[PDB]
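Okay, run_31.cif is below, mmCIF, C-alpha atoms and all ligand atoms:
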```cif
data_query
#
loop_
_atom_site.label_atom_id
_atom_site.label_comp_id
_atom_site.auth_asym_id
_atom_site.auth_seq_id
_atom_site.Cartn_x
_atom_site.Cartn_y
_atom_site.Cartn_z
CA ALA A 1 -9.64 -12.40 -27.87
CA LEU A 2 -9.63 -9.52 -25.39
CA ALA A 3 -11.93 -6.81 -23.97
CA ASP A 4 -11.02 -3.58 -22.11
CA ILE A 5 -11.51 -4.34 -18.41
CA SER A 6 -12.82 -0.79 -17.71
CA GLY A 7 -16.30 -1.77 -19.00
CA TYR A 8 -16.46 -4.65 -16.48
CA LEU A 9 -15.50 -2.95 -13.24
CA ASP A 10 -19.01 -3.05 -11.73
CA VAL A 11 -17.65 -6.36 -10.22
CA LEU A 12 -15.88 -4.14 -7.64
CA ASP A 13 -19.29 -3.14 -6.24
CA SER A 14 -20.76 -6.70 -6.16
CA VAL A 15 -18.04 -9.37 -5.45
CA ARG A 16 -17.44 -10.11 -1.74
CA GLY A 17 -14.95 -11.99 0.41
CA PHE A 18 -11.53 -13.42 -0.35
CA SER A 19 -12.42 -16.57 -2.37
CA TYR A 20 -11.64 -14.73 -5.64
CA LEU A 21 -7.97 -14.48 -4.68
CA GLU A 22 -7.64 -18.23 -5.46
CA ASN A 23 -8.22 -17.14 -9.05
CA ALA A 24 -5.63 -14.34 -8.49
CA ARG A 25 -2.97 -16.71 -7.26
CA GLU A 26 -3.45 -19.43 -9.88
CA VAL A 27 -3.38 -16.82 -12.72
CA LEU A 28 -0.14 -15.40 -11.27
CA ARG A 29 1.39 -18.89 -10.69
CA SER A 30 0.46 -20.38 -14.07
CA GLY A 31 1.24 -17.17 -15.97
CA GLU A 32 -2.07 -17.24 -17.87
CA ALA A 33 -5.85 -16.80 -17.67
CA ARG A 34 -8.37 -19.08 -19.41
CA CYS A 35 -10.98 -17.51 -21.69
CA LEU A 36 -14.26 -16.46 -20.03
CA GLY A 37 -17.19 -18.04 -21.92
CA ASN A 38 -19.33 -15.23 -20.53
CA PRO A 39 -17.33 -12.39 -18.88
CA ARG A 40 -20.33 -11.13 -16.86
CA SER A 41 -21.06 -14.65 -15.51
CA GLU A 42 -17.57 -14.92 -13.93
CA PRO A 43 -17.53 -11.70 -11.87
CA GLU A 44 -15.06 -13.31 -9.38
CA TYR A 45 -12.56 -14.12 -12.13
CA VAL A 46 -12.80 -10.65 -13.61
CA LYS A 47 -12.04 -9.32 -10.05
CA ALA A 48 -8.98 -11.60 -9.69
CA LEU A 49 -7.73 -10.14 -13.00
CA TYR A 50 -8.40 -6.45 -12.03
CA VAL A 51 -6.67 -7.04 -8.75
CA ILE A 52 -3.48 -8.47 -10.18
CA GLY A 53 -3.29 -5.56 -12.71
CA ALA A 54 -4.81 -6.66 -16.05
CA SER A 55 -6.08 -3.86 -18.33
CA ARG A 56 -7.75 -6.49 -20.58
CA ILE A 57 -9.74 -9.69 -20.16
CA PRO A 58 -10.07 -12.86 -22.20
CA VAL A 59 -13.61 -13.25 -23.65
CA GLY A 60 -15.36 -16.07 -25.54
CA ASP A 61 -14.19 -19.56 -26.47
CA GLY A 62 -11.00 -21.30 -25.42
CA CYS A 63 -7.94 -19.11 -25.87
CA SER A 64 -5.80 -18.55 -22.74
CA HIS A 65 -3.72 -15.37 -22.62
CA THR A 66 -0.48 -14.60 -20.77
CA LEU A 67 -0.04 -11.98 -18.01
CA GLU A 68 1.65 -9.71 -20.57
CA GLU A 69 -1.22 -10.22 -23.00
CA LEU A 70 -3.72 -9.07 -20.30
CA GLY A 71 -1.82 -5.85 -19.60
CA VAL A 72 -0.05 -6.67 -16.31
CA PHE A 73 3.23 -5.48 -17.83
CA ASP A 74 1.80 -2.50 -19.87
CA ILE A 75 3.69 0.80 -19.47
CA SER A 76 1.24 3.40 -18.10
CA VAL A 77 3.61 6.36 -17.84
CA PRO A 78 3.99 9.04 -20.52
CA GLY A 79 7.67 9.33 -21.48
CA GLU A 80 7.52 13.11 -21.11
CA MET A 81 5.80 13.18 -17.69
CA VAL A 82 2.93 15.40 -18.85
CA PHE A 83 -0.48 14.75 -17.16
CA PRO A 84 -3.92 16.37 -17.67
CA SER A 85 -4.92 16.26 -14.02
CA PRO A 86 -3.48 15.41 -10.54
CA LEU A 87 -5.68 12.25 -10.45
CA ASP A 88 -4.51 11.23 -13.94
CA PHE A 89 -0.95 11.76 -12.59
CA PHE A 90 -1.61 9.56 -9.52
CA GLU A 91 -2.96 6.82 -11.77
CA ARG A 92 -0.63 6.84 -14.78
CA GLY A 93 2.45 8.25 -13.11
CA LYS A 94 3.51 4.77 -11.94
CA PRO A 95 5.38 2.70 -10.93
CA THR A 96 6.98 4.55 -7.99
CA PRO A 97 10.86 4.50 -8.28
CA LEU A 98 12.68 1.29 -7.52
CA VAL A 99 16.22 2.36 -6.57
CA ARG A 100 19.22 0.14 -5.90
CA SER A 101 20.85 1.19 -2.65
CA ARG A 102 24.58 1.61 -2.02
CA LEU A 103 23.97 0.24 1.54
CA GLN A 104 26.08 -2.90 2.17
CA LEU A 105 24.31 -5.80 3.94
CA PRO A 106 25.86 -9.15 4.90
CA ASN A 107 25.51 -12.53 3.15
CA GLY A 108 24.74 -11.21 -0.35
CA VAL A 109 21.47 -9.39 0.37
CA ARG A 110 21.20 -6.64 -2.26
CA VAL A 111 18.94 -3.69 -1.20
CA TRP A 112 16.47 -1.93 -3.55
CA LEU A 113 14.28 0.80 -2.12
CA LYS A 114 10.82 1.40 -3.48
CA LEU A 115 10.07 5.07 -2.87
CA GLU A 116 6.44 5.64 -1.79
CA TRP A 117 6.90 9.37 -1.14
CA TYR A 118 6.54 9.68 -4.96
CA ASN A 119 2.75 9.81 -4.57
CA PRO A 120 1.37 13.36 -5.14
CA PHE A 121 -1.14 14.02 -2.34
CA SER A 122 0.36 12.79 0.97
CA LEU A 123 3.94 12.04 -0.35
CA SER A 124 3.32 8.58 1.02
CA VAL A 125 2.06 5.00 0.24
CA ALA A 126 -1.37 5.95 1.59
CA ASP A 127 -2.34 7.87 -1.46
CA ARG A 128 -3.04 4.42 -3.11
CA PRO A 129 -5.81 3.11 -0.68
CA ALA A 130 -7.31 6.71 -0.54
CA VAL A 131 -7.75 6.97 -4.34
CA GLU A 132 -9.19 3.40 -4.50
CA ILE A 133 -11.53 3.80 -1.58
CA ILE A 134 -12.84 7.21 -2.78
CA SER A 135 -13.13 5.95 -6.40
CA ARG A 136 -15.27 3.04 -5.25
CA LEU A 137 -17.32 5.29 -3.00
CA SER A 138 -18.07 7.63 -5.97
CA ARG A 139 -20.68 5.28 -7.51
CA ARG A 140 -22.81 4.86 -4.36
CA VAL A 141 -22.37 8.00 -2.20
CA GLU A 142 -23.71 11.46 -3.08
CA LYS A 143 -21.29 14.31 -3.86
CA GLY A 144 -20.94 16.68 -0.91
CA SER A 145 -21.37 13.97 1.72
CA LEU A 146 -18.68 13.70 4.47
CA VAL A 147 -16.08 10.90 4.45
CA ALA A 148 -13.91 10.21 7.51
CA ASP A 149 -11.37 8.02 9.22
CA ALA A 150 -8.77 7.62 11.95
CA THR A 151 -5.19 8.13 10.86
CA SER A 152 -1.57 8.24 12.04
CA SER A 153 -1.21 11.21 9.57
CA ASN A 154 -0.71 10.03 5.94
CA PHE A 155 -4.07 8.42 5.13
CA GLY A 156 -5.98 11.46 6.46
CA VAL A 157 -3.83 13.78 4.34
CA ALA A 158 -4.52 11.57 1.26
CA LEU A 159 -8.21 11.02 2.18
CA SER A 160 -8.53 14.83 2.47
CA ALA A 161 -6.97 15.72 -0.95
CA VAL A 162 -8.77 12.87 -2.71
CA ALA A 163 -12.19 13.38 -1.13
CA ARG A 164 -11.93 16.95 -2.35
CA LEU A 165 -10.98 16.02 -5.97
CA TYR A 166 -14.12 13.75 -5.89
CA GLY A 167 -16.45 16.47 -4.37
CA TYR A 168 -16.69 15.08 -0.80
CA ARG A 169 -16.02 16.76 2.53
CA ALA A 170 -13.46 15.06 4.77
CA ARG A 171 -12.77 14.73 8.45
CA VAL A 172 -9.73 13.10 10.01
CA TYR A 173 -9.20 11.86 13.59
CA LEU A 174 -5.61 11.74 15.00
CA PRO A 175 -3.93 10.76 18.26
CA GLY A 176 -2.15 13.63 20.11
CA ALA A 177 1.26 12.04 19.39
CA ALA A 178 0.70 12.20 15.58
CA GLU A 179 3.18 14.25 13.47
CA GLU A 180 2.33 17.88 12.81
CA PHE A 181 1.93 17.45 9.04
CA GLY A 182 -1.01 15.06 9.65
CA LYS A 183 -2.70 17.54 12.00
CA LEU A 184 -2.18 20.62 9.86
CA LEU A 185 -2.32 19.55 6.19
CA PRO A 186 -5.84 18.12 6.10
CA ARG A 187 -6.96 21.63 7.05
CA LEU A 188 -4.93 23.21 4.25
CA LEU A 189 -6.70 20.65 2.09
CA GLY A 190 -10.19 21.77 3.27
CA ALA A 191 -10.87 19.05 5.84
CA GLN A 192 -12.02 19.00 9.47
CA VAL A 193 -9.51 17.72 11.97
CA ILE A 194 -10.20 16.13 15.37
CA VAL A 195 -7.19 15.43 17.69
CA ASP A 196 -7.57 13.24 20.81
CA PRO A 197 -4.56 13.96 23.10
CA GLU A 198 -5.41 10.99 25.39
CA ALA A 199 -5.78 8.37 22.62
CA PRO A 200 -2.38 6.64 22.88
CA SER A 201 -2.66 4.90 19.46
CA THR A 202 -4.64 5.58 16.26
CA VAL A 203 -6.76 2.31 16.38
CA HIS A 204 -8.01 3.29 19.85
CA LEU A 205 -9.87 6.19 18.10
CA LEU A 206 -11.99 3.87 15.88
CA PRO A 207 -14.77 3.36 18.47
CA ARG A 208 -15.29 7.15 18.56
CA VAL A 209 -15.16 7.43 14.75
CA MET A 210 -17.81 4.68 14.62
CA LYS A 211 -19.98 6.30 17.32
CA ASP A 212 -19.76 9.68 15.60
CA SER A 213 -20.57 8.06 12.27
CA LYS A 214 -23.73 6.52 13.75
CA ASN A 215 -24.87 9.94 15.11
CA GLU A 216 -23.80 12.25 12.31
CA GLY A 217 -24.29 9.89 9.35
CA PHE A 218 -20.92 10.42 7.68
CA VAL A 219 -19.20 7.54 5.77
CA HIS A 220 -16.52 5.84 7.83
CA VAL A 221 -14.16 4.58 5.06
CA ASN A 222 -12.28 2.56 7.64
CA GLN A 223 -8.93 1.88 5.91
CA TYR A 224 -8.32 -0.85 8.53
CA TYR A 225 -11.02 -3.22 7.21
CA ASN A 226 -11.84 -1.92 3.66
CA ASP A 227 -10.78 -4.39 0.99
CA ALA A 228 -10.15 -1.59 -1.51
CA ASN A 229 -6.96 -0.90 0.58
CA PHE A 230 -5.54 -4.40 -0.13
CA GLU A 231 -6.86 -4.26 -3.67
CA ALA A 232 -5.26 -0.85 -4.44
CA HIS A 233 -1.93 -2.32 -3.24
CA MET A 234 -2.40 -5.55 -5.17
CA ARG A 235 -2.79 -3.69 -8.55
CA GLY A 236 -0.34 -0.85 -7.77
CA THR A 237 2.36 -1.45 -5.18
CA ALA A 238 2.64 -5.29 -5.46
CA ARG A 239 2.23 -5.64 -9.24
CA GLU A 240 4.85 -2.93 -9.55
CA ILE A 241 7.45 -4.89 -7.48
CA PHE A 242 6.74 -7.92 -9.80
CA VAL A 243 6.93 -6.05 -13.12
CA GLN A 244 9.89 -3.89 -11.99
CA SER A 245 11.86 -6.91 -10.70
CA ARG A 246 11.31 -8.86 -13.89
CA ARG A 247 11.90 -5.92 -16.25
CA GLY A 248 14.85 -4.75 -14.12
CA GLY A 249 16.39 -8.25 -14.33
CA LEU A 250 16.39 -8.66 -10.52
CA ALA A 251 17.04 -11.88 -8.63
CA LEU A 252 14.02 -11.20 -6.39
CA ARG A 253 14.40 -13.28 -3.24
CA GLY A 254 12.29 -11.20 -0.88
CA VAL A 255 10.52 -8.09 0.27
CA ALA A 256 10.80 -6.13 3.44
CA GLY A 257 8.38 -3.61 4.90
CA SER A 258 6.25 -2.26 7.67
CA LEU A 259 2.74 -2.70 9.02
CA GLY A 260 -0.07 -0.24 9.82
CA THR A 261 -3.35 -1.48 8.33
CA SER A 262 -1.13 -4.16 6.73
CA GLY A 263 -2.49 -3.20 3.33
CA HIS A 264 0.71 -2.76 1.40
CA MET A 265 2.87 -5.58 2.66
CA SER A 266 -0.11 -8.03 2.77
CA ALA A 267 -0.52 -7.37 -0.99
CA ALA A 268 3.23 -7.31 -1.76
CA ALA A 269 3.62 -10.71 -0.04
CA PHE A 270 0.47 -12.39 -1.31
CA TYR A 271 1.13 -11.29 -4.93
CA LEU A 272 4.80 -12.16 -5.23
CA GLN A 273 4.35 -15.38 -3.29
CA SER A 274 1.63 -16.40 -5.77
CA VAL A 275 4.33 -16.14 -8.44
CA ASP A 276 7.19 -17.79 -6.47
CA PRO A 277 6.15 -19.03 -2.98
CA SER A 278 9.84 -19.00 -1.86
CA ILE A 279 10.00 -15.18 -1.98
CA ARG A 280 10.39 -13.94 1.58
CA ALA A 281 8.42 -11.26 3.34
CA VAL A 282 10.43 -9.62 6.16
CA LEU A 283 8.12 -7.54 8.43
CA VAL A 284 8.84 -4.88 11.09
CA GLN A 285 7.77 -5.53 14.67
CA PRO A 286 8.03 -2.15 16.45
CA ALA A 287 9.87 -3.23 19.62
CA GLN A 288 7.42 -3.13 22.55
CA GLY A 289 7.33 0.19 24.43
CA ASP A 290 8.34 2.13 21.26
CA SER A 291 6.39 4.16 18.74
CA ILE A 292 7.53 4.29 15.13
CA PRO A 293 5.13 6.66 13.23
CA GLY A 294 2.57 4.99 11.03
CA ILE A 295 3.25 1.45 12.12
CA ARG A 296 2.48 -1.04 14.87
CA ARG A 297 2.84 -4.57 16.25
CA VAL A 298 0.80 -7.29 14.49
CA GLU A 299 -1.17 -8.47 17.57
CA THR A 300 -2.88 -5.03 17.96
CA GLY A 301 -5.20 -6.19 15.09
CA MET A 302 -4.51 -6.19 11.32
CA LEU A 303 -6.88 -7.73 8.74
CA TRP A 304 -5.10 -8.99 5.60
CA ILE A 305 -1.76 -10.14 7.08
CA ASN A 306 -3.67 -12.67 9.31
CA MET A 307 -6.62 -13.74 7.11
CA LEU A 308 -4.78 -14.28 3.84
CA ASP A 309 -2.37 -17.17 3.39
CA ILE A 310 0.90 -15.18 3.59
CA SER A 311 4.33 -16.47 4.65
CA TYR A 312 6.20 -13.85 6.65
CA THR A 313 8.85 -13.35 9.28
CA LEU A 314 9.09 -10.73 11.91
CA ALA A 315 12.11 -8.84 13.10
CA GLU A 316 11.76 -6.55 16.10
CA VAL A 317 13.11 -3.03 15.61
CA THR A 318 13.36 -0.14 18.06
CA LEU A 319 12.79 3.55 17.25
CA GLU A 320 16.51 4.06 17.88
CA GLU A 321 17.37 1.30 15.43
CA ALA A 322 14.99 2.76 12.81
CA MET A 323 16.34 6.27 12.98
CA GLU A 324 19.86 4.70 12.77
CA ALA A 325 18.88 3.10 9.44
CA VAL A 326 17.51 6.47 8.30
CA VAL A 327 20.89 8.06 9.10
CA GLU A 328 22.79 5.25 7.30
CA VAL A 329 20.59 5.35 4.16
CA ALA A 330 20.96 9.14 4.11
CA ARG A 331 24.76 8.93 4.18
CA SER A 332 24.87 5.98 1.76
CA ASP A 333 22.37 7.13 -0.81
CA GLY A 334 21.59 10.75 -0.15
CA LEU A 335 17.93 9.54 0.15
CA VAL A 336 16.05 10.96 3.27
CA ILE A 337 13.57 8.19 4.24
CA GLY A 338 11.06 8.37 7.03
CA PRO A 339 11.12 6.29 10.29
CA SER A 340 9.02 3.35 9.07
CA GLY A 341 11.31 3.08 6.02
CA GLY A 342 14.44 2.73 8.16
CA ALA A 343 12.70 0.21 10.39
CA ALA A 344 12.15 -1.97 7.26
CA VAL A 345 15.73 -1.48 6.08
CA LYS A 346 16.84 -2.48 9.59
CA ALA A 347 14.58 -5.60 9.70
CA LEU A 348 16.08 -6.68 6.41
CA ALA A 349 19.60 -6.03 7.81
CA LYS A 350 18.81 -8.00 11.01
CA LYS A 351 17.82 -11.11 9.00
CA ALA A 352 20.73 -10.93 6.57
CA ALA A 353 23.03 -10.66 9.65
CA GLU A 354 21.42 -13.87 11.02
CA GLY A 355 22.10 -15.79 7.77
CA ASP A 356 18.40 -16.54 7.22
CA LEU A 357 18.30 -14.93 3.73
CA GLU A 358 19.05 -16.47 0.31
CA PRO A 359 21.57 -14.21 -1.44
CA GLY A 360 19.97 -11.96 -4.09
CA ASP A 361 17.87 -8.82 -4.45
CA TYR A 362 15.43 -7.67 -1.82
CA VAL A 363 12.97 -4.81 -2.21
CA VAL A 364 12.24 -2.62 0.71
CA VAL A 365 9.03 -0.64 0.53
CA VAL A 366 9.84 2.86 1.88
CA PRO A 367 6.52 4.35 2.99
CA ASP A 368 7.42 8.08 2.99
CA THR A 369 9.97 10.88 3.16
CA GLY A 370 11.99 11.77 6.27
CA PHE A 371 11.57 15.49 5.64
CA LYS A 372 8.23 15.04 7.48
CA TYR A 373 10.01 13.88 10.67
CA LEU A 374 12.53 16.56 11.66
CA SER A 375 12.09 16.15 15.47
CA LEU A 376 12.91 12.44 15.24
CA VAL A 377 15.75 13.21 12.82
CA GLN A 378 17.13 15.77 15.34
CA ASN A 379 16.90 13.32 18.23
CA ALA A 380 18.69 10.64 16.19
CA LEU A 381 21.65 13.02 15.74
CA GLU A 382 21.84 14.44 19.32
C1 LIG A 401 4.54 6.32 7.48
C2 LIG A 401 3.83 5.12 7.31
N1 LIG A 401 4.51 3.98 7.20
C3 LIG A 401 3.86 2.75 7.03
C4 LIG A 401 2.47 2.65 6.95
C5 LIG A 401 1.92 1.34 6.82
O1 LIG A 401 1.11 1.11 5.64
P1 LIG A 401 -0.14 0.10 5.71
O2 LIG A 401 0.28 -1.05 6.54
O3 LIG A 401 -0.35 -0.26 4.32
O4 LIG A 401 -1.26 0.90 6.24
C6 LIG A 401 1.72 3.85 7.05
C7 LIG A 401 0.31 3.81 7.01
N2 LIG A 401 -0.39 4.75 7.64
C8 LIG A 401 -1.85 4.73 7.78
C9 LIG A 401 -2.20 3.68 8.87
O5 LIG A 401 -1.68 4.02 10.20
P2 LIG A 401 -1.80 2.91 11.44
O6 LIG A 401 -2.13 1.56 11.00
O7 LIG A 401 -2.89 3.43 12.48
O8 LIG A 401 -0.43 2.98 12.30
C10 LIG A 401 -2.27 6.15 8.15
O9 LIG A 401 -1.54 7.09 7.72
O10 LIG A 401 -3.29 6.30 8.84
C11 LIG A 401 2.43 5.06 7.25
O11 LIG A 401 1.77 6.25 7.35
#
```

For this file, produce the structure as structure tokens.
Amino acid sequence: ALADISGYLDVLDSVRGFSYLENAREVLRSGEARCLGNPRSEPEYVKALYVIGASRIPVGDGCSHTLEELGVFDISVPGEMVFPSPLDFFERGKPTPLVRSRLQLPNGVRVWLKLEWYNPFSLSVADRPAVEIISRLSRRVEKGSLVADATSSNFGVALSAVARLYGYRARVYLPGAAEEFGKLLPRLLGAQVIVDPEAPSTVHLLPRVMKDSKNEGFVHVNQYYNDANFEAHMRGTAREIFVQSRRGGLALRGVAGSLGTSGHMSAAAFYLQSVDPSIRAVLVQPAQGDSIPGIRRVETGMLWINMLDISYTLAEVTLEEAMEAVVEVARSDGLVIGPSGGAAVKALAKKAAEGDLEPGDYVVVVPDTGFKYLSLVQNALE
């Protein structure tokens, strides 16, 4: 019989490396987890279960339990949408909406958009890694210390709100070309903001962040390499697409999305593909020469999408093409999705047009809201 996982989460602080995901994939493939003779002597297996989304764990002799029995499918949300705190709302106010699009794509590819602007701090996907990283920091690092990172915009905004709800000071480093909401809103949120107008990308800032961290002794949370990014997406974003697709009665044939740290799509793909390895992952390549906010080309360096055993496909997409998918989704659905969203929609549309895709439902992860990108919106129209 079962035990609340929340008493066992010291395994987050102690387990290392990716060998535990084997456990994660077999539990997802089989549909069950075998009973832990000693729960504390299998800290890997407990971490596989956290990661996939269990609220409970099987303890003692023999009895294997299903995914449902472990809490993967438990409803977190209160019917009435009342929450005692903004962090309780982040955590229990899930899943984000999965919304079937009116947008018509060729060869029977049915589009569902998963709306990641429904996260309360940055109105973006990047609330999830920021809550998980700052949560895990909270055991080891003293309140009032400074946490910092490089961002395209969204993670710093999230990092800033979250560090503050956990009693930490925050500093965010942006490239000059970053959107204005990423430069301004950390400050509103009580953080320090450094902008480098020469730094042509956001990863080019990391050597400075790392140098500064050495001198000034702040905590570089480094979303690019920190496994609590991938983990936050595994138990939120990915588990959600699984549970929603099942519970929605979807013929889930694939996922489409976009790549910054690679956290969210790495998890989406790895998770779902543990369940059914034929589920496709369609991934945006920002066409060379172009900048699509928040995202980049794979070969500029992304951890999880290269180290984990994930099957994916790329589809190159230009800024112009992305903003064109933003316009189309707006006129089809009345939903105003941001640039990286419309790149993912487009990449899905490119592959369906090629006849590569098995007819059925595909879930596009929409990282944020287009209200944050008016300049780009205005250029797309003129
Ligand atoms: C609008 C938007 N779309 C997609 C992504 C990609 O999510 P990830 O791959 O899980 O980081 C992000 C992630 N942004 C992160 C990472 O940015 P970066 O990898 O430097 O281009 C940030 O805000 O610093 C985003 O802001």

Hey, which residues sit close to ligand LIG 401 (chain A)? Say within 9 Å, counting all atoms listed in the file, and write them as a PyMOL selection string.
chain A and resi 124-126+129+149-158+174+182+201-204+223-224+229-230+233+257-267+292-296+302+338-341+365-369

Shortest contact to residue A:99, candidates A:370, A:186, A:334, A:360, atoms counted all atoms listed in the file, goes to A:334

Exercise. For the atom pair atom CA of residue A:75 and atom CA of residue A:50, what is the interatomic distance in Å to one decimal place?
Worked result: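 So the answer is 15.9 Å.
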
Ref. answer, residues at most 10 Å from (23.0, -18.4, -6.6) with only C-alpha atoms, as an mmCIF file with C-alpha atoms, in the coordinates of the input:
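File out27.cif, as written:
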```cif
data_model
loop_
_atom_site.group_PDB
_atom_site.id
_atom_site.type_symbol
_atom_site.label_atom_id
_atom_site.label_comp_id
_atom_site.auth_asym_id
_atom_site.auth_seq_id
_atom_site.Cartn_x
_atom_site.Cartn_y
_atom_site.Cartn_z
ATOM 1 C CA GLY A 108 24.740 -11.210 -0.350
ATOM 2 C CA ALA A 251 17.040 -11.880 -8.630
ATOM 3 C CA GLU A 358 19.050 -16.470 0.310
ATOM 4 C CA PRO A 359 21.570 -14.210 -1.440
ATOM 5 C CA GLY A 360 19.970 -11.960 -4.090
#
```

Nearest-residue call for residue A:212, choices A:146, A:272, A:315, A:349, using only C-alpha atoms
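Smallest separation from residue A:212 among the options: A:146.
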
> Of the candidates A:332, A:318, A:213, A:76, which one gets nearest to residue A:104 if we count all atoms listed in the file?
Replying inline: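 Closest residue, counting all atoms listed in the file: A:332.
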
| request: Could you pull out every residue with an atom within 10 Å of (4.3, -18.5, -4.2), file coordinates, counting only C-alpha atoms, and send them as a ChimeraX atom specification? | output: /A:25-26,28-29,269-280,310-311

Next, write the just-selected residues to a file, as a PDB file, keeping the file's coordinate frame, keeping C-alpha atoms as the atom set.
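Below you can see result_4.pdb, which holds the result:
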```
ATOM      1  CA  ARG A  25      -2.970 -16.710  -7.260  1.00  0.00           C
ATOM      2  CA  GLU A  26      -3.450 -19.430  -9.880  1.00  0.00           C
ATOM      3  CA  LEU A  28      -0.140 -15.400 -11.270  1.00  0.00           C
ATOM      4  CA  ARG A  29       1.390 -18.890 -10.690  1.00  0.00           C
ATOM      5  CA  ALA A 269       3.620 -10.710  -0.040  1.00  0.00           C
ATOM      6  CA  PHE A 270       0.470 -12.390  -1.310  1.00  0.00           C
ATOM      7  CA  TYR A 271       1.130 -11.290  -4.930  1.00  0.00           C
ATOM      8  CA  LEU A 272       4.800 -12.160  -5.230  1.00  0.00           C
ATOM      9  CA  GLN A 273       4.350 -15.380  -3.290  1.00  0.00           C
ATOM     10  CA  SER A 274       1.630 -16.400  -5.770  1.00  0.00           C
ATOM     11  CA  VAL A 275       4.330 -16.140  -8.440  1.00  0.00           C
ATOM     12  CA  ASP A 276       7.190 -17.790  -6.470  1.00  0.00           C
ATOM     13  CA  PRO A 277       6.150 -19.030  -2.980  1.00  0.00           C
ATOM     14  CA  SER A 278       9.840 -19.000  -1.860  1.00  0.00           C
ATOM     15  CA  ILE A 279      10.000 -15.180  -1.980  1.00  0.00           C
ATOM     16  CA  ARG A 280      10.390 -13.940   1.580  1.00  0.00           C
ATOM     17  CA  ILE A 310       0.900 -15.180   3.590  1.00  0.00           C
ATOM     18  CA  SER A 311       4.330 -16.470   4.650  1.00  0.00           C
TER      19      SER A 311
END
```

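The space separating atom CA of residue A:236 from atom CA of residue A:114 comes to 12.2 Å.
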
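For the pair atom CA of residue A:178 and atom CA of residue A:379, the separation is 16.5 Å.
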
**Prompt:** Of the residues A:109, A:319, A:172, A:193, which is the one nearest to residue A:221, using all atoms listed in the file?
**Reply:**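 Ranked by minimum distance to residue A:221, first place goes to A:172.
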
From the list A:287, A:364, A:15, A:33, the nearest residue to residue A:253 using all atoms listed in the file is A:364

In terms of only C-alpha atoms, the residue from A:101, A:300, A:55, A:138 at minimal distance from residue A:164 is A:138

Worksheet entry | Shell of 8 Å around residue A:357, all atoms listed in the file, local chain residues under 4 positions omitted, as a list in words | residues 107, 109, 351 and 352 of chain A

Adding 5 Å on each side of the box along x, y and z that holds all listed atoms of stretch 312-325 of chain A, could you give its centre and edge lengths in Å to one decimal, as AutoDock Vina command-line options?
```
--center_x 13.0 --center_y -3.8 --center_z 12.4 --size_x 23.7 --size_y 30.1 --size_z 21.4
```

Which residues are near residue A:198? Cut-off 10 Å, all atoms listed in the file, ignore same chain within fewer than 3 positions. Put them as a PDB file with C-alpha atoms, keeping the file's coordinate frame.
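Now in result_5.pdb:
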```
ATOM      1  CA  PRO A 175      -3.930  10.760  18.260  1.00  0.00           C
ATOM      2  CA  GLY A 176      -2.150  13.630  20.110  1.00  0.00           C
ATOM      3  CA  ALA A 177       1.260  12.040  19.390  1.00  0.00           C
ATOM      4  CA  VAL A 195      -7.190  15.430  17.690  1.00  0.00           C
ATOM      5  CA  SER A 201      -2.660   4.900  19.460  1.00  0.00           C
ATOM      6  CA  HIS A 204      -8.010   3.290  19.850  1.00  0.00           C
ATOM      7  CA  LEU A 205      -9.870   6.190  18.100  1.00  0.00           C
TER       8      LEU A 205
END
```

Kindly write N, CA, C and O atoms of stretch 29-35 of chain A from the structure just given to a file, as a PDB file, in the first residue's frame.
```
ATOM      1  N   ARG A  29       5.823   3.065 -19.518  1.00  0.00           N
ATOM      2  CA  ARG A  29       5.525   2.109 -20.596  1.00  0.00           C
ATOM      3  C   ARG A  29       4.628   0.980 -20.087  1.00  0.00           C
ATOM      4  O   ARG A  29       3.595   0.671 -20.701  1.00  0.00           O
ATOM      5  N   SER A  30       5.026   0.391 -18.962  1.00  0.00           N
ATOM      6  CA  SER A  30       4.311  -0.734 -18.356  1.00  0.00           C
ATOM      7  C   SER A  30       2.934  -0.314 -17.854  1.00  0.00           C
ATOM      8  O   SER A  30       1.970  -1.063 -17.995  1.00  0.00           O
ATOM      9  N   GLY A  31       2.865   0.889 -17.281  1.00  0.00           N
ATOM     10  CA  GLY A  31       1.651   1.414 -16.676  1.00  0.00           C
ATOM     11  C   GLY A  31       1.605   1.205 -15.175  1.00  0.00           C
ATOM     12  O   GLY A  31       0.624   1.592 -14.541  1.00  0.00           O
ATOM     13  N   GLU A  32       2.660   0.624 -14.599  1.00  0.00           N
ATOM     14  CA  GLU A  32       2.699   0.345 -13.164  1.00  0.00           C
ATOM     15  C   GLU A  32       4.096   0.469 -12.543  1.00  0.00           C
ATOM     16  O   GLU A  32       5.111   0.478 -13.249  1.00  0.00           O
ATOM     17  N   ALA A  33       4.116   0.573 -11.214  1.00  0.00           N
ATOM     18  CA  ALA A  33       5.344   0.587 -10.436  1.00  0.00           C
ATOM     19  C   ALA A  33       5.306  -0.491  -9.355  1.00  0.00           C
ATOM     20  O   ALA A  33       4.329  -0.592  -8.610  1.00  0.00           O
ATOM     21  N   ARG A  34       6.376  -1.288  -9.305  1.00  0.00           N
ATOM     22  CA  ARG A  34       6.535  -2.377  -8.330  1.00  0.00           C
ATOM     23  C   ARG A  34       6.804  -1.822  -6.940  1.00  0.00           C
ATOM     24  O   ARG A  34       7.430  -0.774  -6.796  1.00  0.00           O
ATOM     25  N   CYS A  35       6.360  -2.556  -5.925  1.00  0.00           N
ATOM     26  CA  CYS A  35       6.410  -2.080  -4.541  1.00  0.00           C
ATOM     27  C   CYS A  35       7.847  -2.005  -4.014  1.00  0.00           C
ATOM     28  O   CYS A  35       8.607  -2.967  -4.130  1.00  0.00           O
TER      29      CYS A  35
END
```
